[PDB]
Structures are given as structure tokens and as C-alpha cells.
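Colleague: build me a structure from this.
(7 chains)
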Amino acid sequence: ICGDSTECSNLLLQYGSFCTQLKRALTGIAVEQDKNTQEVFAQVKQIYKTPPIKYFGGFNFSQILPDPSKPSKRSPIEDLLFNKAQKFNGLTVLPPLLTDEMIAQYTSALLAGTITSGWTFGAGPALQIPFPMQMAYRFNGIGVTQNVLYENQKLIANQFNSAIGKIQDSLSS
Amino acid sequence: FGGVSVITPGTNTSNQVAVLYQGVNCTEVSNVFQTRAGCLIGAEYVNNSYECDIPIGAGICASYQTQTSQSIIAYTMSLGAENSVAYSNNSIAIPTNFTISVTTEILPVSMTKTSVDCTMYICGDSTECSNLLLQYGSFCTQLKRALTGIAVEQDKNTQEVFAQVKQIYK
Amino acid sequence: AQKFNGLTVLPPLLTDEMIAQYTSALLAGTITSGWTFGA
Amino acid sequence: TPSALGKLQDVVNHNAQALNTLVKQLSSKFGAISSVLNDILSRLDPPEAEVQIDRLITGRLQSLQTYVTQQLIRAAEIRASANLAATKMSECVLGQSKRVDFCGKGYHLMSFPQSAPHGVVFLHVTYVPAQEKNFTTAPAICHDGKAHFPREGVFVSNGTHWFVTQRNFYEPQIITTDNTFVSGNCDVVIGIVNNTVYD
Amino acid sequence: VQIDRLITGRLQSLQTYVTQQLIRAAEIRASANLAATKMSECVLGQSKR
Amino acid sequence: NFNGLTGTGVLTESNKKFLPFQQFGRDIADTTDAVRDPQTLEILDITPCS
Amino acid sequence: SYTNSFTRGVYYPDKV
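Modeller: Residues are numbered from 1 along each chain as shown, chains lettered A, B, ... in the order given. Below you will find the coordinate block:
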């Protein structure tokens, strides 16, 4: 509002507590954004890690799991999403509380919990279960029996890998 | 330039505080540590990792813990304890016991229904101020309608939240 | 009455006693019936 | 923990601060000699008083409009929270919801609503398993000339024998024909073991 | 006299910006709550919705 | 018109004890809520008109 | 000489 203008602040103080209300609103917005970022991703306490052997029954999760080769430690699909201090006058940009590395670690932990545990890690202790047996129980939740998976696991893994491969191509095109 | 932020762990705990100059590279003027959000003066950066007690910014978090002595420290927040769930092709974990846990959840319902008087808040007695207020438009009617709508909305919320059933069971 | 300018505070329709009675009725229905009283 | 009622006290503090600011902004002048209208009407002449009162009435109208806009935004937020709480009550108290994390962290069992000042408290009863043990599992077992799949359970092994247990509680039971079903033979399922069923 | 009009216009513009930011933050809060519910219902379990 | 601060409202009697030098007084919202009697030094309580 | 005033010299404001 005012420049240096040593007399402009005395006049601004006569209009009431407008600056206090605006600063309180901005602080509330910042705290609300931080709480949203915390409640969206940080939903679990244990940080799960992917096993060294990436053989999860035959399903290739290499495109969604984080890549340890690159220094950012992110997923190749997330790299496509990310690749898709200014103090001029007054208005500044505050950095978020959780950096991109922490969000990537949260997503990797959630993915590891979904692969190893599936659904038991989100309702208590992480219970290990094979992925071909996890999908066999997930099929029972929609009506299809579990023998269909034990008979067409190869076709299902092929279709899943094809869909995962086409997702990145559709996002790039 | 920037915004000075004072980190206080609570007057009941102690009186030592730390200031944060957001947007400063520790060049334009006690422990001094440069963070990604600003120059934190009044705390030292500990290589350990704990839970985020006081959110500083860009992953930095402060807490009033023993440095060795009770002082304000700085560290990178930990996302939680790591787990070593060993996935196998023929191994499963089946629970043998269970613990019933009752949790709480706080959710607001309504607010305080307020209704202001236009001719009393804008003007005092002032028999001539109302004549000028009537010339500035019909904003009073809009504000009164908005307040009445807010009151009716709060009443409808209180009705739809609790008064869901009709029979009063004893 | 701490208004001094006309900002009247309208009291809620349902008092605390009525909300307490509603909560007690819901609890009694959840104990005796569980889920059939709500459908 | 007195800080458990965070939002219930936060909304009251916000309303009190808004009212206090709306009342305090009446003593601040918006380009006049003072803030009291009587002083303007008495000291200065009417041709100047009616001109200087314009700034005051404009400032008061702007403050009241800002207060009304903030109240509308807060009422929209409160309506959203009240709809969320009503859905929570209707799905957790009046029934047994299967939505994860909705009726508390864990398997939802019950929920008891309680009255609160300008709010509602839910006591979600959650089922949390504990004391897990690692067992040897298999997708299915192979009989003499057919395969058997668990109907409601999981084929576990304590190391020597094979049993069928529940998915959320360990109950070792013998593998009978009343809890399995035949589908195909032992030529398409990977990881099937050779075990005998009980008829 | 002129600085009064200047500060009034600037305060009105800043208040308009703050109101727009509040509306956008409410929309973002609604979207974030929806996304958190969707994550907790689709990733942490098998929702039948 | 007590002590020059002319106002309107209901004058009552409170149980407040003013200091031997403070005459008038405000509240949290900085509004006159109690004043001393000019010729009696009695602790009056001015309330807003109904 | 000089001395330190910890917390003193606070007079009463206007008679409110």
C-alpha cells in the first residue's frame, strides 16, 4: 500500500484493523493448505519400503515405483508430471512445509503398502500377503470367483502391463 | 526484505525464542543457520530426525529438546518409522488376537446466528444520517437478507444433523 | 446483551436439552435396535 | 488434553474476533475530523458535515459488507462441515459402513454420537487386529486329480500340516469339502501344493 | 486528500484479492478433502462405490 | 452529560470499585460502560438503551 | 554511575 512514505503508515493506521484481518486471512490460508497437504498424503505412520526382488507375481510395477538411479528418487511417470525467491514488492511466495521429496517418499510408502499388504496396512498392522493372493481376494469383492485369476494370471498381468505402458504414452501425447 | 517470524516453544515451558527472517540468505544481519525458507537465527541444525513439532518451512521443523541443555533445536522432520515388511511368494501374516479401540472425531455443526441493525450500526440517532443512508442504495436489505439466510441455514444444519429420526427411543 | 451497536445474537432453535434428548434417543436406538431403527 | 476441541473453539474465537473488529472499526475515522457523528454535526456547519459524513458512511458500509462476506464464506464452510457430519452420522451410527477410514481408523463396528457446543462428537468403535504370525500359504491345493480353492478363508501352513483360517482371525481348521470348490485341475495355477482333502 | 483516495483504492483492490483467494482456498479445500477421501477409499481398501 | 461525555442509555448501579483517580471506564470493545457521579463519586453503570 | 531498571516506570494511562 505505502512506499517508504513515513507519513503514509500514520494514515493507514487510521482506517482500522484491515491489515491485521488480511494478514490473519493469509496465515489461515497457508495453514489450511499445509493441513490439506498433510491430510492428503500423510495418512500412515509406518514408512514402508519396496523389497529388493521386484517379482510381484508377474506384474511389472517398474513404471510406478520410484527409480533409485535418478537422484530425485521419483517414479518415471511422476517425472513426466513434474516436467509437464521473488521479492519484487510486498507479495512473497511461502514454500510448502512438505517438499517434493517427502511427498515422493509418502507415495512410495503407500505403494509398497498396497503391494505387500494391500488393505490391512491402512486398518492396523501391515499383514504380508502374496500379490496373486491379494488380487484373488480383490476379485471376490466384485462377484468374480478367485479361480478365474488362478487360471488367467498371465493374461491379467499382460493386460495390466499394457495398460501401465499406455498410461504414460497417453499422458505424453 | 522479508517477514520476521519468532518461534516460541510456549511461555509456560521456557522463555528462549528463535527468530526467522524469511527470504534472507543470512547476509543482511547466537546460532545462525540458512534454511530453504529463510535465515533461522536462534537455533542449531541437528543431524537427527524427529517428529515435526513447530513447522518452520520447506521440511525444517523446530522443537524444544535437550541439545546435550534445554534449548531450541532445528532438524529435518521424519515421515515416520521405517518398516521392513518382507514380501514373499508363499508367506502370509494372519493375526491371532485383536484390540477394540474407540476413537473420537470432532466435527462442527453450526455457528452463532448474528443479525445486525443497519440504521443503528451505520448511523446513531442522527435523524439526518438515515436520509443520506437511504440514498446510497438498498445494501441494507441485501445484508439483512444474507443474515436471515445464514440463520435459516444454521437452523437447517442443526435440524439435519441431529433431528434425523422421529421416534424418541428411551 | 453485549452488542452496543445492534448486532443481535439470535438463539438457536433447538436448545441444548433437545440436542441431548436427540443424542440419547439415537444412542438408545443404536443399543436396542442397532441399525433397523434407521431404515 | 484441552486442545482436543480445536475447531469448536476456533469457530467461536473467529466469530468473537470478527464481532470485536466490527465494533472497534467504528472509532476509526475514514477522512473526517473525528469518528463521532455528533461532533461532526455540531462543530462544523451542515454544508461541510454532510460532506464529511460521506467518508464515514462509506467506510462503515464497506466494513459491514466485508463482515457479511466473511460470514457468508464461514457459513458455507460450516454448511460443508455439517453435511459431512450428517453423512458421517447416517453412515456410522445408523448402520455398519464399510468405507475405509470413514468411521474411524480401522474396521468400523459402532459409533455413538454426543452433543457438543456448536458441534458433534462421534465415538467410532474400530476393530484393530494384533499379534500377527507368519505362516506358509499357497494359492490352492492339488488333490489326486483335481484342485480345491478356499471358499471363505486362506490355505495356511504351520510348517508340517495345512489348515484353512479366516482372513482376519487365526482359526486352524481341517480342509474339508464344505469350505472348498473344485475348478479345473493342477495344470494352470502357479504355486499349487499337493495336499489331501477331507470328505 | 489524494493519498486518501489512493489508499482507499489500493485497500479495496487488496481486499478483492483476499476475497478471491479465500474463495479459491475454499474450493481447493473441498477438492483436497475429496481427493483424501478417494485415496483412503480406493488405495487403503476396495471400495464398492 | 456526565463529565462531558454525552450519551444515551439506561443508568443503573453496579458493584464496581473504581480507583480514587479514575473517573470513567470502557470495556473490551472500548465503549463507556460505567462512570462516576460528578457531585457524588458514585459508581454508576450505563447500559445501552433497550 | 549507572543502574538497571528491570520493570518499573510504568505509570497509569488516562483515567479509564
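
Colleague: when you work out contacts or count neighbours from here on, use the C-alpha atoms and nothing else.
Modeller: Fine.

Colleague: next, count neighbours for the residue in chain F positioned nearest to chain C.
Modeller: Across chain F, the shortest distance to chain C (Cα to the nearest Cα) belongs to residue F:48, at 6.0 Å. Residues lying near residue F:48 (other Cα atoms under 10 Å in any protein chain shown) number 17.

Colleague: isn't it right up against residue F:10?
Modeller: Yes - applying Cα atoms under 8 Å, one finds residue F:48 in contact with residue F:10, separated by 6.2 Å.

Colleague: so where's the longest helix in chain D?
Modeller: Of all the elements of type helix in chain D, the one with the most residues (DSSP state H) is helix D:46-92.

Colleague: dump the residue contacts of residue D:181.
Modeller: Residues near residue D:181 by Cα atoms under 8 Å, 6 or more residues apart in numbering or on different chains: D:148-151.

Colleague: which helix or which strand is home to it?
Modeller: Per DSSP states H and E, residue D:181 falls inside strand D:180-182.

Colleague: that strand pairs with which strands, parallel or anti?
Modeller: Using DSSP bridges, strand D:180-182 pairs in its sheet with strand D:147-150 (antiparallel).

Colleague: name the next helix or strand downstream of the partner strand, please.
Modeller: Sequence-wise, the next helix or strand downstream of strand D:147-150 (DSSP H and E) is strand D:154-157.

Colleague: for residue F:25, give its distance to residue D:3.
Modeller: 34 Å (Cα to Cα, to the nearest Å).

Colleague: please identify which of the two sits among more neighbours.
Modeller: Neighbour count, other Cα under 10 Å: between residue F:25 and residue D:3, residue F:25 has more, with 16 against 7.

Colleague: now do the same contact list for the spatially closest residue to that one that is not a sequence neighbour.
Modeller: Spatial nearest neighbour of residue F:25, chain neighbours left out: residue G:16 (4.2 Å); criterion: Cα to Cα, 6 or more residues apart in numbering or on different chains. Neighbouring residues of residue G:16 by Cα under 8 Å, 6+ apart: F:22-26.

Colleague: sec struct for the residue in chain F that chain D sits nearest to, please.
Modeller: Using Cα to the nearest Cα, residue F:29 is the residue of chain F that sits closest to chain D, at 6.0 Å. When classified by DSSP: H, G, I helix; E, B strand; the rest coil, residue F:29 comes out as coil.

Colleague: now do the same contact list for the one residue in chain D that gets nearest to chain E.
Modeller: Of chain D, the residue with the smallest distance to chain E, taken as Cα to the nearest Cα, is residue D:100 at 5.3 Å. Residue D:100 is in contact with A:123, D:106-107, E:40-41, E:44-45, counting by Cα under 8 Å, 6+ apart.

Colleague: by neighbour count, which of the contacts of residue G:16 wins?
Modeller: When neighbours are counted by other Cα under 10 Å, residue F:24 leads these with 21 neighbours.

Colleague: can I take it that residue D:42 is in a helix?
Modeller: Yes - counting by three-state DSSP, residue D:42 is located in a helix.

Colleague: against residue D:60, how distant is it?
Modeller: 20 Å.

Colleague: who has more neighbours out of the two?
Modeller: More crowded of residue D:42 and residue D:60, by other Cα under 10 Å: residue D:60, with 21 against 10.

Colleague: so the more buried one makes contact with residue D:24?
Modeller: No - Residue D:60 is beyond contact range of residue D:24, at 11.2 Å (criterion: Cα under 8 Å).

Colleague: continuing past the biggest strand by length in chain B, what's the next helix or strand?
Modeller: As assigned by DSSP state E, the longest strand anywhere in chain B is strand B:91-108. The element immediately downstream of strand B:91-108 (helix or strand, assigned by DSSP H and E) is strand B:113-115.

Colleague: so which bits of that following strand are buried?
Modeller: Going by neighbour count (16 or more other Cα atoms under 10 Å in any protein chain shown), the buried part of strand B:113-115 is B:113-115.

Colleague: for those, which one is nearest residue F:17?
Modeller: Proximity of the buried residues of strand B:113-115 to residue F:17 (Cα to Cα) peaks at residue B:114, which lies at 33.0 Å.

Colleague: show me what that closest one is bridged to.
Modeller: With DSSP bridges as the rule, residue B:114 is bridged to residue C:9.

Colleague: so who does the residue of chain F closest to chain D touch?
Modeller: When contacts are taken as Cα under 8 Å, 6+ apart, residue F:29 is in contact with D:20, D:23-24.

Colleague: and what of residue B:107?
Modeller: Applying Cα under 8 Å, 6+ apart, the residues near residue B:107 are D:7-8, D:81-82, D:85, D:119-121.

Colleague: and those, which are buried?
Modeller: Buried, going by 16+ other Cα under 10 Å: D:8, D:81-82, D:85, D:119-121, out of the contacts of residue B:107.

Colleague: find the nearest non-adjacent residue to the residue of chain D found nearest chain G, please.
Modeller: The minimum distance from chain D to chain G, using Cα to the nearest Cα, falls at residue D:27 (16.2 Å). Residue nearest to residue D:27 in three dimensions, not counting chain neighbours: residue D:35, with 5.4 Å by Cα to Cα, 6+ apart.

Colleague: what is the neighbour count of that neighbour?
Modeller: For residue D:35, using other Cα under 10 Å, the count is 17.

Colleague: likewise for residue G:9?
Modeller: Residue G:9 has 7 nearby residues by other Cα under 10 Å.

Colleague: before we move on, the earlier item: redo the contacts of residue G:16 as TSV? Include secondary structure.
Modeller: Listed next are these as TSV, based on three-state DSSP:
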residue	secondary structure
F:22	coil
F:23	coil
F:24	strand
F:25	strand
F:26	coil
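
Colleague: of all the residues you listed, which comes closest to chain A?
Modeller: In terms of Cα to the nearest Cα, no member of the contacts of residue G:16 lies closer to chain A than residue F:26, at 18.5 Å.

Colleague: what distance do you get for residue B:49 to residue C:34?
Modeller: In terms of Cα to Cα, residue B:49 sits 46 Å off from residue C:34.

Colleague: cool, and residue A:67?
Modeller: 50 Å.

Colleague: also residue B:94?
Modeller: Residue B:94 is 30 Å from residue C:34, by Cα to Cα.

Colleague: neighbour count winner among those two?
Modeller: The residue with more neighbours, out of residue B:94 and residue C:34, is residue B:94; 25 against 17, by other Cα under 10 Å.

Colleague: and that one, what are its bridge partners?
Modeller: Applying DSSP bridges, one finds that residue B:94 bridges with residue D:133.

Colleague: right, and it touches residue D:168 too?
Modeller: Yes - the criterion here is Cα under 8 Å, and residue B:94 meets it with residue D:168 at 6.7 Å.

Colleague: could you pick out the residues of chain D near chain F for me?
Modeller: D:20, D:23-24 (Cα under 8 Å from any Cα of the partner chain).
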